Amino acid sequence: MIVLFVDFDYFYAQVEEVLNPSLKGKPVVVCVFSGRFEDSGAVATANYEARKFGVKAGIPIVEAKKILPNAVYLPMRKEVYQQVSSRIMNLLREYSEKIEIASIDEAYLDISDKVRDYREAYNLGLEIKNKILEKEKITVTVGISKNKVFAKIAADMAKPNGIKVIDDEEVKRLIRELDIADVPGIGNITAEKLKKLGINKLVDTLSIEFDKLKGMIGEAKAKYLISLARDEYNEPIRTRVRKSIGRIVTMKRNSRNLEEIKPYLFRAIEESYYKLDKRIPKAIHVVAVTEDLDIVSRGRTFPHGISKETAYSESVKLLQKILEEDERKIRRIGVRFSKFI
DNA sequence: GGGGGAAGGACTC
DNA sequence: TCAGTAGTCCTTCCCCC
Ligand SMILES: Cc1cn([C@H]2C[C@H](O)[C@@H](COP(=O)(O)OP(=O)(O)OP(=O)(O)O)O2)c(=O)[nH]c1=O
Ligand SMILES: [Ca+2]
Ligand SMILES: [Ca+2]
Ligand SMILES: [Ca+2]
Ligand SMILES: [Mg+2]
């Protein structure tokens, strides 16, 4: 199997730069303003100019402004990024039927039936980068290897605006020299647990007692890491089918007053249904983000599709369940639909 | 024992 | 004073042949 992974460079910010060339060269920060107070919210992403001084995804907008008060701050316009993204994904389908869109700015192409070796794979990669640049003037990074995981690792190493191939030999090398925290799917929580086991490289997972590893990071993650260590990971590239559609919004102020939360909850339901398009969900979850930012969720699965009317009444039941089972104040409220017919 | 599922939370991105 | 809201897994409790 030969896999080619594509990840668009500093996507949200780059799109803004394509739509407004004068931004090129200046630090640009795409922001998610929450409305609670002046500059309240988080950074969605920033271009490399801004990222260079510590302004990156996730940090508070207020903090970004302390670091680069003169950077250009733009409100996130996800709809616009989504449409640009959709066009680029369509350019990708031309290179392979087997494509897995993993997020708004990345996808995997199984080009096994398209090239014969990495040399050709590399060229196809350059071809794809030129194509996207020509059509949308967007730079992306390509990663190529024997499976999805290493194709992604390949791209992470070559970004931004790059291209890299990790041949069979380098895969074996990485299984020994690569920091395990840099393996896709390993976050801070898991990385830390692994360090507490003396595990810092994929190969190390092979010298520990399975159940000990398992008992520490879960059966799935343990098996995942082990299969990679054994150079046995080979998950197929498959069409992604969205499994849930929802909306969660921050309220002007925290509260646990039903009548005061409802409007938001109902707004969330309205937007979610629009997104559902023609999909009919059999499950609904009311999601609350408490004042301390903990997440409390209560849902229900019905034997038949949920009409928007049922969604209204049922969501109110779930919200109250949360209210009676959690005394904290609610900061954000939303709904999430799944199990589509 | 294990197929099968619903529900709430953990972890990742 | 930290947005948003998807996709696995894991746990528990639980029905049932
Ligand atoms: C990470 C992260 C990304 N995003 C959005 C912003 C990004 O443009 C997009 C893709 O995430 P990356 O993870 O691919 O963000 P980036 O495109 O700016 O990437 P790079 O370092 O590869 O050049 O999704 C968030 O909104 N919040 C986040 O916490
Ligand atoms: Ca990405
Ligand atoms: Ca990217
Ligand atoms: Ca990591
Ligand atoms: Mg909690």
Side-chain angles (χ1 to χ4, degrees), chain A residues 7 11-12 29-46 56-66 73-79 81-82 100-106 149 152 156 181-194 214-225 235 238 240-251 253-254 264-265 267-269 271-272 275-276 281-303 318 321-322 325-326 331-340:
Chain A
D7 193 335
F11 198 47
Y12 290 13
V29 193
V30 181
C31 311
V32 176
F33 293 101
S34 59
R36 294 298 217 57
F37 61 76
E38 189 118 23
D39 288 322
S40 63
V43 171
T45 197
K56 61 182 180 179
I59 74 175
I61 297 176
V62 160
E63 295 303 299
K65 293 196 174 185
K66 281 175 189 167
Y73 292 82
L74 305 174
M76 179 201 266
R77 292 187 297 169
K78 189 154 180 175
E79 265 106 1
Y81 316 142
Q82 180 61 73
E100 188 173 322
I101 298 164
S103 77
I104 188 163
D105 87 329
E106 70 189 50
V149 175
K152 182 172 178 63
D156 290 335
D182 295 335
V183 164
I186 302 304
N188 292 162
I189 295 180
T190 304
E192 183 51 55
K193 290 171 174 172
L194 293 171
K214 165 180 179 176
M216 184 56 54
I217 62 171
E219 172 174 57
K221 245 125 191 170
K223 294 188 172 178
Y224 166 67
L225 292 170
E235 292 303 290
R238 60 175 66 181
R240 275 199 197 179
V241 184
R242 205 180 186 182
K243 298 299 180 181
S244 73
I245 289 184
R247 180 79 167 85
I248 191 298
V249 303
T250 300
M251 307 182 290
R253 82 163 206 277
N254 303 54
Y264 295 110
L265 178 60
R267 186 181 315 167
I269 293 180
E271 280 180 42
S272 295
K275 292 182 175 182
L276 286 173
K282 290 199 293 303
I284 177 178
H285 289 66
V286 167
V287 178
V289 172
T290 55
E291 56 188 347
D292 63 307
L293 298 182
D294 190 337
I295 302 164
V296 184
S297 154
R298 290 303 183 293
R300 177 175 173 183
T301 298
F302 299 69
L318 297 170
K321 190 168 182 57
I322 290 178
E325 283 170 39
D326 203 293
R331 178 191 181 102
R332 304 176 199 168
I333 188 61
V335 63
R336 204 152 164 212
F337 298 97
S338 57
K339 294 181 190 171
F340 308 125

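Proteins come first, then strands; the chains are lettered A, B, ... in the order of their sequence lines, and each starts at number 1.
In this structure, A:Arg240 does not reach the C:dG7 phosphate: none of its side-chain N or O atoms is under 4.0 Å from OP1 or OP2.
Residues passing the side chain to side chain contact (heavy atoms under 4.5 Å, CB included) test with A:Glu100 are A:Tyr108, A:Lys148, A:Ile237, A:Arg238, A:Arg240, sequence neighbours excluded. Every residue two or more places apart in sequence or in another chain that forms a side chain to side chain contact (heavy atoms under 4.5 Å, CB included) with A:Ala181 is listed here: A:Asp179, A:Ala191. The ring-ring contact (aromatic ring centres under 6.0 Å, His included) check on A:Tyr264 picks up nothing, with sequence neighbours excluded. Listed by chain and residue number, A:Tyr12 satisfy the ring-ring contact (aromatic ring centres under 6.0 Å, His included) test with A:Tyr81 (two or more places apart in sequence, or in another chain). Not counting sequence neighbours, the partners of A:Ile189 by the side chain to side chain contact (heavy atoms under 4.5 Å, CB included) test are A:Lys193.
For A:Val32, counting side-chain heavy atoms from C-beta on, the closest listed nucleotide (C:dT1, C:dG4, C:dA6) is C:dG4. Residue A:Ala220 places its side chain closer to C:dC10 than to any other of C:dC2, C:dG4, C:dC10. Out of C:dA6, B:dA7, C:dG4, the shortest distance to the side chain of A:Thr301 is found at B:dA7.
No contact: A:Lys214 has no heavy atom under 4.0 Å from any strand. Note on A:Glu63: nothing from the nucleic acid sits closer than 4.0 angstrom, heavy atoms only.
C:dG4 and B:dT12: their P atoms are spaced 22 Å apart (whole Å).
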Practice item. Would you give a per-nucleotide map of nucleotides 8-13 of chain B, 5' to 3', where B means the base has a protein non-hydrogen atom under 4.0 Å away, S means only the sugar-phosphate does, and - means neither? Key: SS-SSS
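Nucleotides of DNA chain C nearest to A:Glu219 and A:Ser34 differ in position, and the one nearer the 5' end is that of A:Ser34.
No salt bridge links A:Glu271 with A:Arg267; every basic N to acidic carboxylate O contact stays at or beyond 4.0 Å.
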